[PDB]
$ cat structure_33.cif   # mmCIF, C-alpha atoms and all ligand atoms
data_input
#
loop_
_atom_site.label_atom_id
_atom_site.label_comp_id
_atom_site.auth_asym_id
_atom_site.auth_seq_id
_atom_site.Cartn_x
_atom_site.Cartn_y
_atom_site.Cartn_z
CA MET A 839 -80.39 107.11 -82.58
CA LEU A 840 -82.78 104.32 -81.61
CA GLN A 841 -80.54 101.96 -83.54
CA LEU A 842 -79.80 101.47 -79.83
CA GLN A 843 -83.01 99.43 -79.48
CA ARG A 844 -81.91 97.07 -82.28
CA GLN A 845 -79.33 95.47 -79.96
CA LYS A 846 -81.40 95.25 -76.74
CA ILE A 847 -82.92 92.12 -78.24
CA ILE A 848 -79.86 90.74 -80.10
CA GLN A 849 -78.32 90.46 -76.65
CA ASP A 850 -81.64 88.86 -75.70
CA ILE A 851 -81.71 86.45 -78.62
CA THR A 852 -78.05 85.48 -78.27
CA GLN A 853 -78.87 84.97 -74.60
CA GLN A 854 -81.60 82.43 -75.31
CA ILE A 855 -79.37 80.58 -77.79
CA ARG A 856 -76.27 80.24 -75.58
CA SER A 857 -78.66 79.58 -72.67
CA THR A 858 -80.65 76.69 -74.13
CA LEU A 859 -77.62 75.26 -76.00
CA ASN A 860 -74.96 74.96 -73.29
CA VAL A 861 -75.41 71.76 -71.26
CA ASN A 862 -74.78 73.18 -67.76
CA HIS A 863 -77.77 75.53 -67.93
CA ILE A 864 -80.10 72.57 -68.49
CA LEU A 865 -78.29 70.52 -65.84
CA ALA A 866 -78.62 73.34 -63.31
CA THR A 867 -82.32 73.75 -64.15
CA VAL A 868 -83.29 70.07 -64.04
CA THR A 869 -81.42 69.48 -60.75
CA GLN A 870 -83.12 72.54 -59.24
CA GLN A 871 -86.45 70.96 -60.23
CA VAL A 872 -85.66 67.45 -58.94
CA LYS A 873 -84.62 69.07 -55.64
CA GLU A 874 -87.79 71.10 -55.18
CA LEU A 875 -90.07 68.26 -56.32
CA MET A 876 -88.71 65.42 -54.14
CA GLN A 877 -88.04 67.74 -51.14
CA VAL A 878 -84.52 66.40 -50.94
CA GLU A 879 -81.83 68.29 -49.07
CA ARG A 880 -79.25 67.84 -51.87
CA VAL A 881 -79.17 66.95 -55.56
CA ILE A 882 -75.86 66.40 -57.35
CA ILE A 883 -74.58 65.16 -60.68
CA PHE A 884 -71.53 62.93 -60.53
CA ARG A 885 -69.58 63.21 -63.80
CA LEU A 886 -67.44 60.14 -64.59
CA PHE A 887 -64.49 60.89 -67.02
CA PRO A 888 -62.89 57.87 -68.73
CA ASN A 889 -59.30 58.73 -67.72
CA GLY A 890 -60.30 57.85 -64.15
CA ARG A 891 -61.29 61.28 -62.86
CA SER A 892 -64.74 62.15 -61.54
CA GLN A 893 -66.30 65.32 -60.19
CA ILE A 894 -69.52 66.71 -58.74
CA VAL A 895 -70.35 69.10 -61.58
CA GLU A 896 -73.76 70.42 -60.50
CA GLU A 897 -75.28 70.64 -57.05
CA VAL A 898 -78.30 72.32 -55.51
CA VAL A 899 -78.09 72.29 -51.74
CA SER A 900 -80.50 73.07 -49.03
CA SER A 901 -78.33 75.88 -47.58
CA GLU A 902 -78.04 73.95 -44.28
CA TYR A 903 -75.41 71.57 -45.65
CA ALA A 904 -72.05 71.74 -47.39
CA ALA A 905 -71.43 72.57 -51.04
CA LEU A 906 -70.04 69.43 -52.50
CA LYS A 907 -69.95 71.13 -55.91
CA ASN A 908 -66.65 70.62 -57.75
CA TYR A 909 -65.70 67.70 -55.42
CA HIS A 910 -63.51 65.31 -57.27
CA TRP A 911 -61.09 62.41 -57.34
CA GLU A 912 -58.92 60.37 -59.78
CA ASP A 913 -58.84 56.65 -60.76
CA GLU A 914 -62.45 56.02 -59.69
CA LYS A 915 -63.07 52.25 -59.67
CA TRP A 916 -66.52 50.94 -58.91
CA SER A 917 -67.47 47.51 -57.73
CA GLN A 918 -68.29 45.21 -60.61
CA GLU A 919 -71.62 44.01 -59.16
CA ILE A 920 -72.64 47.71 -58.79
CA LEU A 921 -71.68 48.70 -62.35
CA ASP A 922 -73.60 45.74 -63.83
CA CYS A 923 -76.69 47.06 -62.03
CA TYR A 924 -76.21 50.63 -63.32
CA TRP A 925 -75.41 49.53 -66.91
CA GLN A 926 -78.86 47.99 -67.31
CA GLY A 927 -80.29 51.44 -66.49
CA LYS A 928 -81.44 50.40 -63.02
CA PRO A 929 -81.25 52.86 -60.12
CA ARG A 930 -79.97 52.07 -56.65
CA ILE A 931 -81.64 52.80 -53.33
CA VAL A 932 -79.18 53.24 -50.51
CA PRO A 933 -81.44 53.40 -47.47
CA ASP A 934 -78.47 53.64 -45.07
CA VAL A 935 -75.30 55.04 -46.68
CA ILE A 936 -73.28 54.79 -43.50
CA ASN A 937 -73.43 50.93 -43.45
CA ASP A 938 -73.39 50.60 -47.25
CA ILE A 939 -70.39 48.49 -48.16
CA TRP A 940 -70.16 49.91 -51.70
CA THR A 941 -69.83 53.47 -50.32
CA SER A 942 -67.63 52.26 -47.45
CA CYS A 943 -64.82 54.67 -48.42
CA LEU A 944 -66.75 57.86 -49.22
CA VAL A 945 -67.05 58.29 -45.46
CA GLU A 946 -65.13 61.51 -45.39
CA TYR A 947 -67.48 62.65 -48.15
CA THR A 948 -70.45 60.89 -46.42
CA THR A 949 -69.88 62.60 -43.06
CA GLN A 950 -69.54 66.12 -44.49
CA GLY A 951 -72.50 65.86 -46.92
CA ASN A 952 -74.48 64.54 -43.91
CA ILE A 953 -75.94 61.82 -46.12
CA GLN A 954 -78.10 59.26 -44.41
CA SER A 955 -79.96 57.73 -47.39
CA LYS A 956 -79.86 58.34 -51.07
CA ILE A 957 -81.00 57.29 -54.50
CA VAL A 958 -78.40 56.85 -57.28
CA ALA A 959 -79.70 56.97 -60.90
CA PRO A 960 -77.29 56.22 -63.80
CA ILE A 961 -76.96 58.41 -66.91
CA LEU A 962 -76.24 56.24 -69.96
CA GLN A 963 -74.89 57.18 -73.39
CA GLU A 964 -75.74 54.83 -76.17
CA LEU A 965 -72.22 55.20 -77.56
CA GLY A 966 -71.50 52.77 -80.36
CA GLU A 967 -68.58 52.72 -82.79
CA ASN A 968 -65.07 53.12 -81.26
CA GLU A 969 -64.58 54.49 -77.75
CA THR A 970 -63.27 52.66 -74.71
CA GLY A 971 -62.43 53.65 -71.15
CA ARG A 972 -63.15 52.85 -67.50
CA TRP A 973 -66.93 53.36 -67.71
CA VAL A 974 -67.85 51.49 -70.90
CA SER A 975 -69.57 48.14 -71.49
CA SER A 976 -69.33 45.63 -74.31
CA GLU A 977 -72.23 43.50 -73.03
CA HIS A 978 -74.71 46.42 -72.90
CA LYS A 979 -73.24 48.63 -75.73
CA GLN A 980 -73.43 51.72 -73.51
CA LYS A 981 -71.10 54.05 -71.61
CA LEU A 982 -71.81 55.36 -68.09
CA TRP A 983 -71.47 59.11 -68.53
CA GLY A 984 -72.15 59.70 -64.83
CA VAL A 985 -74.79 59.58 -62.13
CA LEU A 986 -77.77 61.62 -60.84
CA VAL A 987 -77.88 61.37 -57.01
CA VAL A 988 -80.35 62.61 -54.44
CA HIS A 989 -79.32 62.97 -50.74
CA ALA A 990 -81.50 62.67 -47.65
CA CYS A 991 -79.47 64.34 -44.92
CA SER A 992 -81.93 65.54 -42.25
CA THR A 993 -83.49 62.06 -41.77
CA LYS A 994 -82.88 58.45 -42.71
CA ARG A 995 -85.59 58.82 -45.33
CA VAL A 996 -87.44 55.84 -46.71
CA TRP A 997 -87.84 55.85 -50.47
CA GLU A 998 -90.61 54.43 -52.68
CA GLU A 999 -90.20 52.35 -55.85
CA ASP A 1000 -91.79 55.09 -57.91
CA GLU A 1001 -89.42 57.57 -56.28
CA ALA A 1002 -86.40 55.75 -57.68
CA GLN A 1003 -88.46 54.59 -60.75
CA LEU A 1004 -89.11 58.36 -61.16
CA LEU A 1005 -85.50 59.54 -60.72
CA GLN A 1006 -84.25 57.08 -63.34
CA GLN A 1007 -86.88 58.35 -65.77
CA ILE A 1008 -85.41 61.84 -65.36
CA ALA A 1009 -81.78 60.72 -65.80
CA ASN A 1010 -82.80 58.72 -68.86
CA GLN A 1011 -84.00 62.02 -70.37
CA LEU A 1012 -80.65 63.64 -69.57
CA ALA A 1013 -78.87 60.71 -71.27
CA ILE A 1014 -80.50 61.80 -74.56
CA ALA A 1015 -80.00 65.52 -74.01
CA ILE A 1016 -76.31 65.09 -73.18
CA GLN A 1017 -75.56 62.89 -76.23
CA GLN A 1018 -76.65 65.99 -78.20
CA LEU A 1019 -74.65 68.87 -76.64
CA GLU A 1020 -71.01 67.59 -76.63
CA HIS A 1021 -69.53 69.42 -79.71
CA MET B 839 -102.92 58.48 -54.21
CA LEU B 840 -101.02 61.72 -54.80
CA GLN B 841 -98.39 59.67 -56.57
CA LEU B 842 -100.49 61.39 -59.24
CA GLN B 843 -98.64 64.65 -58.57
CA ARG B 844 -95.26 62.96 -59.16
CA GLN B 845 -95.95 62.85 -62.92
CA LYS B 846 -97.49 66.33 -63.41
CA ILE B 847 -93.91 67.60 -63.46
CA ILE B 848 -92.20 64.66 -65.23
CA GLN B 849 -94.43 65.56 -68.15
CA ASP B 850 -93.27 69.12 -67.47
CA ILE B 851 -89.59 68.26 -67.28
CA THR B 852 -89.69 65.99 -70.35
CA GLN B 853 -91.50 68.88 -72.02
CA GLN B 854 -88.67 71.33 -71.38
CA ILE B 855 -86.07 68.82 -72.57
CA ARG B 856 -87.73 67.85 -75.87
CA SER B 857 -88.68 71.54 -76.25
CA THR B 858 -85.23 73.11 -75.89
CA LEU B 859 -83.48 70.20 -77.66
CA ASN B 860 -85.41 69.84 -80.92
CA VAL B 861 -84.20 72.35 -83.53
CA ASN B 862 -87.59 73.43 -84.93
CA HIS B 863 -88.76 74.86 -81.60
CA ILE B 864 -85.79 77.23 -81.53
CA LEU B 865 -86.21 78.03 -85.23
CA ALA B 866 -89.90 78.84 -84.72
CA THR B 867 -89.06 81.02 -81.69
CA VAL B 868 -86.18 82.98 -83.25
CA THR B 869 -88.13 83.64 -86.48
CA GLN B 870 -91.12 84.83 -84.44
CA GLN B 871 -88.74 87.27 -82.71
CA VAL B 872 -87.04 88.52 -85.90
CA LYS B 873 -90.53 89.13 -87.34
CA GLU B 874 -91.82 91.14 -84.41
CA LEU B 875 -88.58 93.11 -84.00
CA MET B 876 -88.04 94.23 -87.62
CA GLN B 877 -91.80 94.71 -88.27
CA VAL B 878 -91.50 92.58 -91.38
CA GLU B 879 -94.57 91.03 -92.96
CA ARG B 880 -92.88 87.62 -93.41
CA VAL B 881 -89.88 85.72 -92.06
CA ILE B 882 -88.88 82.36 -93.54
CA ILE B 883 -86.06 79.87 -93.34
CA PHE B 884 -84.97 78.36 -96.62
CA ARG B 885 -83.44 74.92 -96.00
CA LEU B 886 -80.97 73.81 -98.71
CA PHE B 887 -80.48 69.95 -98.89
CA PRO B 888 -77.39 68.71 -100.75
CA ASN B 889 -79.28 66.31 -103.05
CA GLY B 890 -80.70 69.39 -104.77
CA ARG B 891 -83.95 69.80 -102.85
CA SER B 892 -84.87 72.89 -100.85
CA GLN B 893 -87.86 73.85 -98.74
CA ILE B 894 -89.29 76.68 -96.65
CA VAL B 895 -89.16 74.92 -93.28
CA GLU B 896 -90.28 77.70 -90.92
CA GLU B 897 -92.38 80.76 -91.63
CA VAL B 898 -94.12 83.40 -89.54
CA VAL B 899 -96.52 85.42 -91.65
CA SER B 900 -98.43 88.55 -91.08
CA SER B 901 -101.83 86.86 -91.60
CA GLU B 902 -102.50 89.14 -94.60
CA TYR B 903 -100.28 87.11 -96.93
CA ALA B 904 -99.87 83.52 -98.05
CA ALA B 905 -98.29 80.70 -96.07
CA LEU B 906 -95.22 79.79 -98.00
CA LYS B 907 -94.36 77.24 -95.31
CA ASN B 908 -93.36 73.85 -96.74
CA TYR B 909 -92.78 75.38 -100.22
CA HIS B 910 -90.17 73.42 -102.03
CA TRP B 911 -88.33 72.46 -105.19
CA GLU B 912 -85.61 70.06 -106.47
CA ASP B 913 -82.19 70.61 -108.15
CA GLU B 914 -81.79 74.15 -106.78
CA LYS B 915 -78.85 75.82 -108.56
CA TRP B 916 -77.77 79.28 -107.52
CA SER B 917 -75.77 81.76 -109.50
CA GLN B 918 -72.07 81.44 -108.81
CA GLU B 919 -71.52 85.17 -108.14
CA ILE B 920 -74.38 84.99 -105.56
CA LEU B 921 -73.03 81.90 -103.76
CA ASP B 922 -69.55 83.44 -103.47
CA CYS B 923 -71.16 86.39 -101.69
CA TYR B 924 -73.13 84.16 -99.27
CA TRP B 925 -70.15 81.85 -98.55
CA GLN B 926 -68.17 84.71 -97.04
CA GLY B 927 -71.05 85.17 -94.58
CA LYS B 928 -72.27 88.36 -96.25
CA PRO B 929 -76.01 89.11 -96.46
CA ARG B 930 -77.81 90.38 -99.53
CA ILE B 931 -80.19 93.32 -99.77
CA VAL B 932 -82.72 92.94 -102.54
CA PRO B 933 -84.39 96.35 -102.60
CA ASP B 934 -86.59 95.41 -105.58
CA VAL B 935 -87.15 91.64 -105.96
CA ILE B 936 -89.31 92.03 -109.03
CA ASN B 937 -86.40 93.38 -111.17
CA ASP B 938 -83.76 91.27 -109.42
CA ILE B 939 -82.09 89.14 -112.05
CA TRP B 940 -80.95 86.50 -109.55
CA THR B 941 -84.57 85.91 -108.43
CA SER B 942 -85.84 86.28 -112.01
CA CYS B 943 -87.51 82.84 -111.89
CA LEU B 944 -89.09 82.84 -108.42
CA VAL B 945 -91.75 85.09 -109.94
CA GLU B 946 -94.56 82.66 -109.35
CA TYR B 947 -93.28 82.49 -105.77
CA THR B 948 -92.55 86.29 -105.80
CA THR B 949 -96.06 87.24 -106.92
CA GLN B 950 -97.87 85.06 -104.37
CA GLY B 951 -95.64 85.98 -101.38
CA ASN B 952 -96.22 89.62 -102.45
CA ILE B 953 -92.52 90.32 -101.94
CA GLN B 954 -91.31 93.74 -102.93
CA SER B 955 -87.96 93.91 -101.08
CA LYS B 956 -86.11 91.53 -98.89
CA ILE B 957 -82.95 90.75 -96.99
CA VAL B 958 -81.29 87.33 -97.45
CA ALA B 959 -78.87 86.19 -94.68
CA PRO B 960 -76.87 82.94 -95.13
CA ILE B 961 -76.61 80.22 -92.47
CA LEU B 962 -73.16 78.61 -92.59
CA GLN B 963 -71.92 75.32 -91.12
CA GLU B 964 -68.24 75.11 -90.50
CA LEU B 965 -68.23 71.54 -91.79
CA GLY B 966 -64.73 70.15 -92.19
CA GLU B 967 -63.65 66.56 -92.81
CA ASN B 968 -65.50 64.66 -95.59
CA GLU B 969 -68.84 65.88 -96.94
CA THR B 970 -69.60 67.21 -100.40
CA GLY B 971 -72.75 68.30 -102.21
CA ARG B 972 -74.33 71.20 -104.11
CA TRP B 973 -73.96 73.78 -101.31
CA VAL B 974 -70.37 73.22 -100.14
CA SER B 975 -67.18 75.24 -100.67
CA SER B 976 -63.54 74.23 -100.80
CA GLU B 977 -62.25 77.83 -100.86
CA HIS B 978 -64.13 78.85 -97.67
CA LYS B 979 -64.25 75.43 -95.87
CA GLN B 980 -67.96 75.87 -95.12
CA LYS B 981 -71.31 74.47 -96.24
CA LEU B 982 -74.41 76.61 -96.87
CA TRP B 983 -77.02 74.92 -94.70
CA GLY B 984 -79.70 77.37 -95.85
CA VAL B 985 -80.88 80.95 -95.65
CA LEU B 986 -82.75 83.31 -93.27
CA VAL B 987 -84.97 85.67 -95.32
CA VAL B 988 -87.12 88.63 -94.38
CA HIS B 989 -89.90 89.85 -96.74
CA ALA B 990 -91.27 93.37 -97.14
CA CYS B 991 -94.60 92.88 -98.88
CA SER B 992 -96.79 95.89 -98.02
CA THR B 993 -94.20 98.44 -99.28
CA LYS B 994 -90.99 98.58 -101.25
CA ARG B 995 -89.15 99.00 -97.96
CA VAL B 996 -85.72 100.55 -97.79
CA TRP B 997 -83.28 98.69 -95.58
CA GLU B 998 -80.34 99.96 -93.49
CA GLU B 999 -76.84 98.49 -93.30
CA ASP B 1000 -77.33 97.64 -89.65
CA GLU B 1001 -80.63 96.01 -90.57
CA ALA B 1002 -78.88 93.50 -92.81
CA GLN B 1003 -75.71 93.65 -90.57
CA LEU B 1004 -78.19 92.72 -87.79
CA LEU B 1005 -79.97 89.88 -89.62
CA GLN B 1006 -76.65 88.20 -90.47
CA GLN B 1007 -75.63 88.39 -86.82
CA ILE B 1008 -78.78 86.42 -85.96
CA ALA B 1009 -78.25 83.78 -88.67
CA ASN B 1010 -74.64 83.42 -87.58
CA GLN B 1011 -75.97 82.42 -84.14
CA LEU B 1012 -78.26 79.84 -85.75
CA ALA B 1013 -75.27 78.43 -87.68
CA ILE B 1014 -73.74 77.44 -84.32
CA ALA B 1015 -76.98 76.20 -82.78
CA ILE B 1016 -77.79 74.02 -85.79
CA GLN B 1017 -74.33 72.40 -85.95
CA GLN B 1018 -75.23 71.12 -82.46
CA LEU B 1019 -78.74 69.59 -82.88
CA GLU B 1020 -78.38 67.25 -85.93
CA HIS B 1021 -78.06 63.79 -84.21
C1 LIG A 1101 -65.15 52.72 -52.31
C2 LIG A 1101 -65.85 51.39 -51.96
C3 LIG A 1101 -65.09 52.92 -53.85
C4 LIG A 1101 -66.14 53.74 -54.62
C5 LIG A 1101 -67.44 53.68 -54.31
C6 LIG A 1101 -68.34 54.42 -54.98
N1 LIG A 1101 -68.23 55.74 -55.13
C7 LIG A 1101 -69.30 56.13 -55.84
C8 LIG A 1101 -69.60 57.38 -56.21
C9 LIG A 1101 -68.81 58.39 -55.83
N2 LIG A 1101 -67.46 58.43 -55.67
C10 LIG A 1101 -67.16 59.66 -55.25
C11 LIG A 1101 -65.97 60.22 -54.99
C12 LIG A 1101 -65.00 59.56 -54.35
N3 LIG A 1101 -64.53 58.35 -54.69
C13 LIG A 1101 -63.54 58.08 -53.82
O1 LIG A 1101 -62.85 56.90 -53.88
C14 LIG A 1101 -63.41 59.11 -52.97
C15 LIG A 1101 -62.55 59.24 -51.97
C16 LIG A 1101 -62.95 58.62 -50.63
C17 LIG A 1101 -64.29 60.03 -53.31
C18 LIG A 1101 -64.45 61.38 -52.57
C19 LIG A 1101 -68.31 60.35 -55.18
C20 LIG A 1101 -68.46 61.82 -54.75
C21 LIG A 1101 -69.31 59.59 -55.53
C22 LIG A 1101 -70.76 60.05 -55.52
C23 LIG A 1101 -71.29 59.72 -54.13
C24 LIG A 1101 -72.73 60.13 -53.84
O2 LIG A 1101 -73.50 59.24 -53.43
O3 LIG A 1101 -73.04 61.34 -53.90
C25 LIG A 1101 -70.11 55.09 -56.04
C26 LIG A 1101 -71.46 55.20 -56.82
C27 LIG A 1101 -72.74 55.66 -56.05
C28 LIG A 1101 -73.24 54.69 -54.95
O4 LIG A 1101 -73.26 55.08 -53.76
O5 LIG A 1101 -73.69 53.60 -55.35
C29 LIG A 1101 -69.51 54.02 -55.52
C30 LIG A 1101 -70.07 52.61 -55.57
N4 LIG A 1101 -65.57 54.44 -55.61
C31 LIG A 1101 -64.22 54.24 -55.61
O6 LIG A 1101 -63.42 54.77 -56.40
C32 LIG A 1101 -63.78 53.25 -54.52
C33 LIG A 1101 -62.99 52.05 -54.98
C1 LIG A 1102 -83.52 81.47 -110.79
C2 LIG A 1102 -82.62 82.62 -111.29
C3 LIG A 1102 -82.71 80.48 -109.92
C4 LIG A 1102 -82.67 80.57 -108.38
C5 LIG A 1102 -82.60 81.75 -107.75
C6 LIG A 1102 -82.59 81.82 -106.41
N1 LIG A 1102 -83.51 81.23 -105.64
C7 LIG A 1102 -83.18 81.50 -104.37
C8 LIG A 1102 -83.83 81.13 -103.27
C9 LIG A 1102 -84.97 80.43 -103.39
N2 LIG A 1102 -85.32 79.49 -104.31
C10 LIG A 1102 -86.57 79.12 -104.01
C11 LIG A 1102 -87.35 78.19 -104.58
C12 LIG A 1102 -87.42 78.04 -105.90
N3 LIG A 1102 -86.38 77.86 -106.72
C13 LIG A 1102 -86.88 77.70 -107.95
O1 LIG A 1102 -86.07 77.52 -109.03
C14 LIG A 1102 -88.22 77.76 -107.88
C15 LIG A 1102 -89.10 77.65 -108.88
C16 LIG A 1102 -89.41 78.92 -109.67
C17 LIG A 1102 -88.56 77.95 -106.62
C18 LIG A 1102 -90.01 78.07 -106.13
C19 LIG A 1102 -86.95 79.81 -102.92
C20 LIG A 1102 -88.30 79.71 -102.20
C21 LIG A 1102 -85.98 80.61 -102.54
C22 LIG A 1102 -86.09 81.56 -101.36
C23 LIG A 1102 -86.64 82.86 -101.94
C24 LIG A 1102 -86.89 83.99 -100.94
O2 LIG A 1102 -86.35 85.09 -101.18
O3 LIG A 1102 -87.72 83.81 -100.02
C25 LIG A 1102 -82.13 82.33 -104.35
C26 LIG A 1102 -81.49 82.87 -103.03
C27 LIG A 1102 -82.11 84.13 -102.36
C28 LIG A 1102 -82.00 85.45 -103.17
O4 LIG A 1102 -83.04 86.02 -103.55
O5 LIG A 1102 -80.84 85.90 -103.30
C29 LIG A 1102 -81.75 82.51 -105.62
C30 LIG A 1102 -80.56 83.36 -106.05
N4 LIG A 1102 -82.67 79.35 -107.83
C31 LIG A 1102 -82.74 78.39 -108.79
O6 LIG A 1102 -82.77 77.17 -108.59
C32 LIG A 1102 -82.75 79.00 -110.21
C33 LIG A 1102 -81.69 78.52 -111.16
#
$ encode --input "structure_33.cif" --output "structure tokens"
Amino acid sequence: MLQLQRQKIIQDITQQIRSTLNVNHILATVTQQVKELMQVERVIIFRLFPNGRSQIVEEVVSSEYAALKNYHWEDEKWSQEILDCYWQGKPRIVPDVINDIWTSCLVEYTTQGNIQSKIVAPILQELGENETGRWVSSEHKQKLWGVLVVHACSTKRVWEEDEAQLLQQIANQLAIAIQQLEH
Amino acid sequence: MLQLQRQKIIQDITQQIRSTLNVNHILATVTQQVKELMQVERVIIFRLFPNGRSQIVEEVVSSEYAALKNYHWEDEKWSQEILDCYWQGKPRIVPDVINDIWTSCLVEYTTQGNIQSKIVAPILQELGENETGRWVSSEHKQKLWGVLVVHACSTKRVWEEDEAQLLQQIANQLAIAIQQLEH
């Protein structure tokens, strides 16, 4: 019968639930919006795992340039001066990545991605209680879940304060949303 | 300048985040869909708190009938036979609420809501570890968060198995979504 039409919305409703409630769908939607809004050739999310691994988990490329999605690496150590900056929730403006000494090794990765300049915006979990790893601070009582990056590949783009100021405000809203959807 | 247009999407993006991530917005949207789909005059969510309190937290009424939103009560005890049924994740079809012995006291509430017949669908949290209250089971290792109800007020409506079968499938999808958004 038309008991058939009962389930053409249950598959809708279940769709909206699993949609809104899995993290990746709201990563892939935010990133797509940051990309279109800042007219940036690439937006990525760099996920930092405590064991030392780290992977590009979402990316939204201008089709001109490579897909660095899923790109990865183990035992990721960052420079202490850099991590102090990102722990305080401050972004980073890298107006020339190729002569940036902190990204002096991601030159394979730099040259493929075609990155000239970029803004790096930390994503911070207020994680209290007991957890410790490679990306966790005792001074600032927060863990660095990962990093929202924006890539300017076609030109050595100059960035404004309120462009980075803005980015960080968007990551800081992912910090909250991620603390929620981890099971 | 047009730095103005930077923030006419940050207020958008923040909107989608706080939207999708607060529980009530996805309660109020599901209930509105259950109402329109089953052509029921009222849909409510009965929230059961462990201390004994209990309140109608969402409701979507056919404007003809009262707003039982926010309706409430303390030290809510249910009949043991009834709770056993709901713990196993089984709905309940009350084809005549007025001579239902289990709802023999909600007759103030019955007479205002104009309820003739109704389907009650439990919402179950797989909550392990250590928590105990008035709505928690050791036999079934699950807590009764609350209850999705549908009200047939204009007529003593007859319900189908796949109407209740269906309801329960929708609550069971809220069970998962709620376990996620509790901070
Ligand atoms: C070299 C000085 C050290 C380092 C720098 C560093 N990396 C990032 C962020 C990223 N790290 C990677 C991945 C890699 N780490 C590697 O060591 C290698 C191999 C060469 C790879 C491929 C990636 C993809 C990123 C994100 C880069 C991006 O901009 O899209 C940072 C943080 C961001 C920044 O530029 O400030 C830094 C400082 N990481 C190390 O492990 C080296 C000791
Ligand atoms: C009376 C036998 C007992 C009882 C029955 C019972 N109530 C519900 C669900 C609801 N309980 C309320 C609220 C009230 N509980 C009260 O004791 C009073 C005062 C009279 C109120 C107002 C509400 C709003 C509900 C939801 C009702 C709905 O159908 O919309 C149930 C579960 C649902 C069912 O009908 O099977 C039951 C069994 N609860 C008690 O506390 C009494 C001992």
$ residues_near_ligand --input "structure_33.cif" --ligand "ligand LIG 1102 (chain A)" --cutoff "10 Å" --atoms "all atoms listed in the file" --output "PyMOL selection string"
chain B and resi 880-886+890-894+906-921+923-924+929-932+935+938-948+951+953+955-960+984-989
$ atom_distance --input "structure_33.cif" --atom1 "CA of residue 1002 in chain A" --atom2 "CA of residue 867 in chain A"
19.6 Å
$ atom_distance --input "structure_33.cif" --atom1 "CA of residue 905 in chain B" --atom2 "CA of residue 1013 in chain B"
24.6 Å
$ atom_distance --input "structure_33.cif" --atom1 "CA of residue 971 in chain A" --atom2 "CA of residue 1007 in chain A"
25.5 Å
$ closest_residue --input "structure_33.cif" --among "B:990, B:876, B:840, B:965" --to "chain A" --atoms "all atoms listed in the file"
B:876
$ interface_residues --input "structure_33.cif" --of "chain A" --to "chain B" --cutoff "9 Å" --atoms "only C-alpha atoms" --output "NGL selection string"
:A and (841 or 844-845 or 847-848 or 851-852 or 855-856 or 858-859 or 864 or 868 or 871 or 875-876 or 1000-1001 or 1004 or 1007-1008 or 1011-1012 or 1015 or 1017-1021)
$ closest_residue --input "structure_33.cif" --among "A:866, A:974, A:861, A:991" --to "ligand LIG 1101 (chain A)" --atoms "all atoms listed in the file"
A:991
$ axis_aligned_box --input "structure_33.cif" --around "ligand LIG 1101 (chain A)" --padding-each-side "3 Å" --output "JSON"
{"center_x": -68.1, "center_y": 56.6, "center_z": -53.7, "size_x": 17.1, "size_y": 16.4, "size_z": 12.2}
$ closest_residue --input "structure_33.cif" --among "A:963, A:950, A:900, A:975" --to "ligand LIG 1101 (chain A)" --atoms "all atoms listed in the file"
A:950
$ closest_residue --input "structure_33.cif" --among "A:994, A:934, A:925, A:901" --to "residue 982 in chain A" --atoms "only C-alpha atoms"
A:925
$ closest_residue --input "structure_33.cif" --among "A:970, A:862, A:877, A:949" --to "ligand LIG 1101 (chain A)" --atoms "all atoms listed in the file"
A:949
